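Shown below, as structure tokens, is a lone chain in the form deposited in one PDB entry; questions about how it binds or moves come after it.
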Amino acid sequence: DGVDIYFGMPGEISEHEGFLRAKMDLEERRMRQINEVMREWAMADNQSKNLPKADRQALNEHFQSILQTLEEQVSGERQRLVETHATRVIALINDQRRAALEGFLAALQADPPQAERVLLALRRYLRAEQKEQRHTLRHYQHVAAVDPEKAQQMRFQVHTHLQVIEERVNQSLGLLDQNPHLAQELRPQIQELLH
């Protein structure tokens, strides 16, 4: 138990993979739980054709009540799973951006900087920022797809988030602009990457 939780998922299993699998295991488990309740309810239905109405009514409430508890257990479980996954995705995106940023700095702070090395570290950094950009747009696109009202409310926040990302890229590039020659040299190579 506690020990298995500590080790957690094996390294051979990615977050995405483990996430789908946990989602599948949870769904499969709740599908069975619900089915059992439904069959008990059906069995009670057959058995009670002749009890008085008040008792028939109580039986119905009993099962509708058990199902409510189950539906609420289901919702919480899902919400948590979805919540955890979203957090790990954001963390991975931030971690990759920071890693790439450090790599870009190193290449820049090299006794004799190397055009190829700097350019590739910059591509890496730009890609991490783009992945944050895609992620921001996809989340918004999705809420718009399933919840119009909710999408209208995050609209301005998304717009601002994309701006925050752009400013980070301009500021990070500016660092390359601290080396005129290097800047000019990578100019056409840089532009292609941005566009």
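From 1 onward, residues are counted along the sequence shown. Here the rigid core means the biggest group of C-alpha atoms that line up within 1.5 Å when the two forms are laid on top of each other.
Chemist: Quick check: 45 to 53 versus 131 to 139, which has the larger average CA B-factor in the record?
Modeler: Comparing averages over the C-alpha atoms only gives 45 to 53.
Chemist: Averaging only over Cα atoms, indicate whether 6 to 14 or 183 to 191 has the higher B-factor in the PDB entry.
Modeler: Higher mean C-alpha B-factor in the PDB entry: 183 to 191.
Chemist: Between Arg32, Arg155, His161, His62, where does the Cα B-factor run highest in the record?
Modeler: Max CA B-factor in the entry, restricted to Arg32, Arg155, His161, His62: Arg32.
Chemist: In terms of recorded Cα temperature factor, pick the maximum from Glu167, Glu149, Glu27, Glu36.
Modeler: When the deposited C-alpha B-factors of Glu167, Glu149, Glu27, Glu36 are compared, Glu149 is largest.
Chemist: Of the three thirds of its chain by CA temperature factor, lowest, middle or highest, which one includes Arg97?
Modeler: Ranked within chain, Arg97 CA B lands in the lowest tercile.
Chemist: For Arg80, does the deposited CA B-factor place it in the lowest, middle or highest third of the chain?
Modeler: Middle third.
Chemist: Can you work out whether the C-alpha temperature factor of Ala115 puts it in the lowest, middle or highest third of the chain?
Modeler: Highest third.
The next section is about a form of this same protein that is not shown, the form deposited in another entry.
Chemist: Once the rigid core is superposed, exactly one of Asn94, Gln73, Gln109, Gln79 has its CA displaced by 2 Å or more between this form and the one not shown; which residue is that?
Modeler: The only residue crossing the 2 Å threshold is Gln109.
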